[PDB]
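[1] In the first instance, please consider these chains from the complex; the rest will follow:
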Amino acid sequence: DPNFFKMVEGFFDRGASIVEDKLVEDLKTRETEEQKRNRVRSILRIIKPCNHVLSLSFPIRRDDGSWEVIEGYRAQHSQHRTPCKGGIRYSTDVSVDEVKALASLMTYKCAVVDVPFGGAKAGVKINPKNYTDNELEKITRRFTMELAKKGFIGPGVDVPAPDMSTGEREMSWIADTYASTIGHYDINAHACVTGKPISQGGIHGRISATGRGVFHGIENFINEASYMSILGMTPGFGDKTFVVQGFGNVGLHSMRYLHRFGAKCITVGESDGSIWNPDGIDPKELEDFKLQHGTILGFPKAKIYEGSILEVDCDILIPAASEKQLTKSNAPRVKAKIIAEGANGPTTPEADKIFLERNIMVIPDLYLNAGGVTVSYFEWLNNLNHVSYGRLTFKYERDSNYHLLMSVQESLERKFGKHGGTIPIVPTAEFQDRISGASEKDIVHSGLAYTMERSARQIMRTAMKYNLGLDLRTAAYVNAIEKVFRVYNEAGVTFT
Amino acid sequence: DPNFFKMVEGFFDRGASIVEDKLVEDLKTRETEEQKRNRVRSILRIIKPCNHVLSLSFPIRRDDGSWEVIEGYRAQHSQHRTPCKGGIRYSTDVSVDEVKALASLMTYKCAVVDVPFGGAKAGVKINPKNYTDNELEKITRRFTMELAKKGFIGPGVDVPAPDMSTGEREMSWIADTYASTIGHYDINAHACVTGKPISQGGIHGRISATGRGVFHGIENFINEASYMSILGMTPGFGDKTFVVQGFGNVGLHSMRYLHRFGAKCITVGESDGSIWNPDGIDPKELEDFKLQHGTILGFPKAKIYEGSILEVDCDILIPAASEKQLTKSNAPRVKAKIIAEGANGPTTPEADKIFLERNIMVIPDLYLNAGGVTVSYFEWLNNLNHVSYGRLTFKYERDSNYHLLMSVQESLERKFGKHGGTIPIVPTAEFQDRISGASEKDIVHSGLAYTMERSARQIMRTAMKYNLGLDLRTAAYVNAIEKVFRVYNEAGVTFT
């Protein structure tokens, strides 16, 4: 049970060794092979660590009149490409080391998806549940009152974001503080953060984003025969066994979108148990009980399945919530062709090997749960371009989108409308639905997928280049580094 | 052999005289004809000079331990419309006067193409070749360390750029300095400069931009019969003799794009000699030797042509590199209907007259080599909107771009698909190539051409308005001034 930090650090190291072999070969500087090799080697010593790490102490007053001190950490991995991004996490497992990872992680996560942001993250040694709303509203707006004094929060330095144990309220609190302490005139203050509610500049779609980011991520591969062949599987979703573990968020919004395109999901894993219905389960009906029961168990159309989800005979498996759920004890026990890994580090390094030995494909946590980052990026622009996307264009496009058809109509009626036969060219129900449903919801759904699309394709290439086969986890950490490295190299690596 | 400055100044003067005749007539102020004429007249005394010109001195330390002082000049023509733009030039021909021109030039260049920027330029009395990479990296990052202390470098004051003797490295160096001296949080620091590499916010297409800007510039005229008639020529490129002088950059990337649309280029001029093949030459094969030989001479499929390119019997002639190449001695000797003038001041004032007497059309250096500016402008936005263009839209457009076709299909199958005959409407190879090739490369190629398109059209008008016929050089300097003047007039000309 290594520390998730040590997991990460262990990976990057491996990727570096892989990269260097050629990265030195494809370096176009006039130097000695040795000389230049000592350039790259150290650069891969430079980015790995996290530049700035700050430790705090808060004199907050409780509701009972008492005082207590609070520790808070912010980690800003690398300045190679600002601004920097990172969510906040209120918990008691926090620690300096636990952070540097996730910042040094999100960075690599962002690069895979071609995002400018730089990785960061913060945390606080605290358990929210023991504290009220007011207290938390006293904590937060003081937290981001300090960091702002110290240049770790600004629309072009560092951008907080949500995470488990947080929500819009928390964000909403922050942004106000900033505007009342720093911006005071600065227009870009509305971009201080992300994940805001919709009324201030948020997004129609954030909540389900991640779940989607999983989906289009899987799609870019399942529809890829080059790997179907390897796993003896078939392209498409119309005939496949799908399951989930970590119901709730990302487990769900994916399950639903998943159900949409011909999927047949079978099971559900929950902190309290499981279910099973080889006939396929409606996510909708489950959405109900999650609110009408606070649990999955008791679902009429599924048996309370004994055992872990992982041991289910299926095609896909989605460890959306549990961390380190896959071990050498289960890796052989799993029954699946593919794994998703929505959550971060649901899988152990040892297992990955076992899968590669079982010819089991997987997906890296980076790629999938990225969409929860991607969307933010978009939301970080809405607050900069100070508009909802498209509102200058929807109707214009619309107009053109049916002046054309008219042109077609006339063009045809002109040629073989000889007798005058009219061709009432019209939209399609769907296409008409898009039109009247014109809204950011459609844009984002697009600028998200395209992203996840392009990224995957780069990865496949990256895999082939290095003959990694199905060992994508590395391949991603690979494709990331090359981008990162390439950046830091072309930045005048340092002015000292 | 006047100084390129004196050339410029000589032109503007001429344009003013031409403009005033009507600019006073079309001025809508309640004044006396005389009174108002004394308004315009002086305004054309105001813009002409360059407001700010700074002279520097650098205590740099060589690699040998020695010190030496270095002089550096920055010229910011006019504040009438900030920000201001201007590249850098490392040479020993530099001088205050040599600058004011090019700044006072780029301004007028920018206006022709409807660009906000204001003209500037910098230079340094130095010969790079005698200095290392490190030294230059010591020079530059100190150069832009001073100017920043003094408000001549900022994403909304003044924007450096490349030029001969410079490259991405130089830029890349600068931007880092700025972020480490001024921005420190400012998001727009990524726009401090332009011409950056691609990894930081550069562009897919810069290198060939200029060459293209030449092309679409020629196209907007060759396809214009109104001038074909005058020169007894034909519209199109499918039947014309093309040549070049100044092979390398802009000479090349144009030659290639030129070759694409039915051109037949015949010759090449190079600092070391020339070639000739009335059968037409593949730029590609030339691209090879330029790298496999560092020269054109020795090209199998062309004779080493004796004489200057200018004296070749052709339809187009492109003095892409040489300066002041066209004199009264050659002006009559030239064999051509049109000239391009990619470079700046390849042609002499005296010659222009001779051409007008020989009924020879030409093109102003302003218009053509503008694209090397235009593109930058775009690149200056990529770093402000903090995105690669379109990524929010490509797939959305894509979707719509084939939901429509479906609509057509259904619409037709509905009317005279009576028996059920299906119409498998599909894209075209080309159109499908666009789609999968979706990228900035296509956007920029567009927002460039359109620009060069609209501009030309304004010029034609401007020519007709003033009955200049083929004497475009003036006409441009004309169309520019009116815009400029119009700006400075509507700006509350001055608050003093």
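    Perfect, thanks for sending it. Numbering: from 1, shown residues only, chains lettered A, B, ... in the order given.
[2] Quick check: buried residues in stretch A:137-154?
    Residues of stretch A:137-154 classed as buried under the neighbour-count rule (16 or more other Cβ atoms under 10 Å in any protein chain shown) are A:137-148, A:152-154. C-beta: built from backbone N, CA, C; applies to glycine.
[3] residues in contact with the residue in chain A positioned nearest to chain B?
    Among all residues of chain A, residue A:156 sits closest to chain B, at 2.7 Å; criterion: Cβ to the nearest Cβ. Taking Cβ atoms under 8 Å, 6 or more residues apart in numbering or on different chains as the definition of contact, the neighbours of residue A:156 are A:82, A:83, A:188, B:183, B:185, B:186, B:187, B:188, B:189.
[4] doesn't residue A:155 make contact with the third one?
    The reference is to residue A:188. Yes. With contact defined as Cβ atoms under 8 Å, residue A:188 and residue A:155 form a contacting pair (4.2 Å).
[5] Can you check which residues contact both of the two?
    Shared contacts of residue A:188 and residue A:155, defined by Cβ under 8 Å, 6+ apart, comprise A:383, A:384, B:187.
[6] Neighbour count says what about the residues you listed? Which are buried?
    Neighbour counting over the shared contacts of residue A:188 and residue A:155 (16+ other Cβ under 10 Å) leaves A:383, A:384, B:187 as the buried ones.
[7] could I get those residues as CSV with distance to residue B:392?
    What follows is those, written out as CSV (distance: Cβ to Cβ, whole Å):
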residue, distance to residue B:392
A:383, 15
A:384, 13
B:187, 19
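[8] Of those residues, which is the nearest to residue B:329?
    Top of the list for closeness to residue B:329, among these and by Cβ to Cβ, is residue B:187 at 55.5 Å.
[9] Which residue, neighbours along the chain excluded, lies closest to that closest one?
    For residue B:187, the nearest residue in space outside its immediate sequence neighbours is residue A:156; the separation is 2.7 Å by Cβ to Cβ, 6 or more residues apart in numbering or on different chains.
[10] does that neighbour sit in a helix or strand, and which one?
    Taking DSSP states H and E as the definition, one finds residue A:156 inside no helix or strand.
[11] what do you get for residue A:21?
    Here residue A:21, judged by DSSP H and E, is contained in helix A:4-23.
[12] got the CA coordinates for that helix in CSV?
    Once side chains and other backbone atoms are set aside, the C-alpha atoms of helix A:4-23 remain, and they are given as CSV (Å, rounded to 0.1, in the frame of the first residue of the first chain):
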residue,chain,number,x,y,z
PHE,A,4,-0.5,7.7,-3.9
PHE,A,5,2.5,10.1,-4.1
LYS,A,6,4.9,7.3,-4.4
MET,A,7,2.7,5.7,-7.0
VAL,A,8,2.9,8.8,-9.1
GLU,A,9,6.6,9.4,-8.7
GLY,A,10,7.1,5.8,-9.6
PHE,A,11,5.3,6.3,-12.9
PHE,A,12,7.0,9.5,-14.1
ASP,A,13,10.4,7.9,-13.5
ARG,A,14,9.5,5.0,-15.7
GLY,A,15,8.2,7.3,-18.5
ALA,A,16,11.4,9.4,-18.4
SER,A,17,13.6,6.3,-19.0
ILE,A,18,11.3,5.5,-22.0
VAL,A,19,11.3,8.9,-23.4
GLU,A,20,15.0,9.8,-23.2
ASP,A,21,16.0,7.1,-25.6
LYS,A,22,14.6,9.1,-28.5
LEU,A,23,14.1,12.6,-27.0
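[13] let's bring in chain C now:
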Amino acid sequence: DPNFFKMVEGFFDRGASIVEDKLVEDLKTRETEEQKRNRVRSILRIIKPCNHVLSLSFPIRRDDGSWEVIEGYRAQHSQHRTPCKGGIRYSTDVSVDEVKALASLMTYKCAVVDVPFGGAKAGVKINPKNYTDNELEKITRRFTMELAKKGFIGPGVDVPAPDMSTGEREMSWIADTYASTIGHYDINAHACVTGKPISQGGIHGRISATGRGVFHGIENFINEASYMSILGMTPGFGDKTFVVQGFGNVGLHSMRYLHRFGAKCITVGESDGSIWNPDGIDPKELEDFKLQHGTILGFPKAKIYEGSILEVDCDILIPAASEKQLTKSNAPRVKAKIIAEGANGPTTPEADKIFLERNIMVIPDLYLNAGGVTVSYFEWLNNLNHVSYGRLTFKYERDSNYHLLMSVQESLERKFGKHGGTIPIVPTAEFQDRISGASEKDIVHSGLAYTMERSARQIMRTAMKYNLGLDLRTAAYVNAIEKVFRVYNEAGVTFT
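    If we add chain C to the chains shown above, we get the following:
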């Protein structure tokens, strides 16, 4: 052998317990004894920790072309009273914990002497000796390039300073960086740091300051009979045995000033050995060999004394350099009435008890080595008032300083100068020496002593108030906290 951190933390804790007993009694708020006691108690939980602690990573390039990463720490104890102060230390013993102490220390050190500054400190995991001057000049100016991006260096946030392993050069380097990265116009940039050379705004006297701060600190007690009586000693210095350990700096400049006022120093401790001359030793003659020999040993007029300085039969003992030199093994072995503790933590907690049991007075490291801080404060003003002290006044005072005497002369000659007898009132050699020697050297020497004077007096009071007798170390940590606490209380303790 506890960590110097743990030493410190152990002290403050003790002081708090002592303070609270009355601090709650002298709190003038309308509350319940319990209620208010829960106010103070926690406040003494708040100040103790250090608010901001930053960890860094530097991509520096060596002279050999290689790269290496460097870690650097800055600790800004408390914002209760900005700006904050702290020197820098280049070593390899550095660590986060090792810092928080010294920052949380200097704070309390500053308060004793009624200084606004807030404690901070920085360090770097590095050994200078293995690196050149250039490298260090590459390290430093990058170090303070980051911290400035992050608001840990500024004339009104945080003020670096020298320390062992540093010197004026290091400072001089920094200040330039700042002016070239942040100030750019800010007048107060000349105050970014302290310890500067004299040519930029430094001070005539810094080097010997500390040594002096020791002296006047001892004087305020030795001349105090109230404690002479306790130790059975005599006031004055004219008859006392003085010694030293840690020759070099502070050991020396004190020894000299010490020699001036009737002292008779006997021995010297050095890293390499010792000497002894009951006849008294001229510091001057020693100054010579320290430069003519790099050592004390071989001094003609002193025997190479076997044993540690501590075991010498004397009246005063000055552990100026060695850390943790005094242990339970030596505490009883020491032969002395008083200890100085110029260095930080030369003495162990256990020993202090033993001394109190041996009726041995001591002095806290805080008080004495403070002068090295005090002076800086002054130097931090020279760079703000942008003048050398007094230059507006010396001659004015001078004038008045002898218009008076004239008045006396005339006044006397008027009354009983009846016959006309003239009274040539004149200055004294000394007083005339002051005049012609008018310079900062005299001011600082004053504003230093007065400080150390007033402080001590507060401490005596503080001791009596709490009946600590000779256990001053606490008493200081006591007098400090009350000031600190009092500050943080009257600051609207927090706006959350």
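[14] Please re-evaluate the buried residues of stretch A:137-154 in the presence of chain C.
    Per 16+ other Cβ under 10 Å, stretch A:137-154 contains these buried residues: A:137-148, A:150-154.
[15] neighbours around residue A:32, how many?
    For residue A:32, the number of neighbouring residues by other Cβ atoms under 10 Å in any protein chain shown comes to 9.
[16] Would you quantify the distance from it to residue C:65?
    10 Å (Cβ to Cβ, to the nearest Å).
[17] try residue A:394
    Computed with Cβ to Cβ, the distance linking residue A:394 and residue C:65 is 57 Å.
[18] what about those two, which has more around it?
    residue A:394 (17 against 11).
[19] what does the stretch 351-496 of chain A put close to chain C?
    Counting by Cβ under 8 Å from any Cβ of the partner chain, the positions of the stretch 351-496 of chain A adjacent to chain C are A:493, A:494, A:496.
[20] did I read that right, the last one in a helix?
    Translated: residue A:496. No. With DSSP: H, G, I helix; E, B strand; the rest coil as the criterion, residue A:496 is coil rather than part of a helix.
[21] for it, what are its contacts?
    Residue A:496 makes contacts with C:58, C:59, C:60, C:61, C:138, C:139, C:141, C:142, C:145, as judged by Cβ under 8 Å, 6+ apart.
[22] repeat for the second one
    Each residue near residue A:494 by Cβ under 8 Å, 6+ apart is listed here: C:59, C:60, C:61, C:142.
[23] what's the most distant pair in the residues you listed?
    Checking the contacts of residue A:494 against each other with Cβ to Cβ, the farthest-apart pair comes out as C:61 and C:142, at 10.3 Å.
[24] Helix, strand, or coil at residue A:123?
    Taken by three-state DSSP, the conformation at residue A:123 corresponds to strand.
[25] Bridge partners for it, pull those for me.
    According to DSSP bridges, the residues that bridge with residue A:123 are residue A:73, residue A:89.
[26] That one and residue C:96: what is the separation?
    Spatial separation of residue A:123 from residue C:96 under the definition Cβ to Cβ is 17 Å.
[27] With neighbour numbers in mind, choose between these two.
    Legend: neighbour count by other Cβ under 10 Å for residue A:123 and residue C:96, higher for residue A:123 (26 against 18).
[28] pretty sure that one contacts residue A:88?
    Yes. Taking Cβ under 8 Å as the contact criterion, residue A:123 and residue A:88 are neighbours in contact, 6.8 Å apart.
[29] Spit out the contact partners of residue A:370.
    Residues near residue A:370 by Cβ under 8 Å, 6+ apart: A:109, A:110, A:112, A:113, A:213, A:217, A:452, A:455.
[30] Strands of chain A, start to end?
    Under the criterion DSSP state E, chain A carries strands at the ranges A:52-55, A:58-61, A:67-70, A:72-76, A:84-85, A:88-91, A:118-125, A:158-159, A:241-242, A:264-265, A:267-270, A:273-276.
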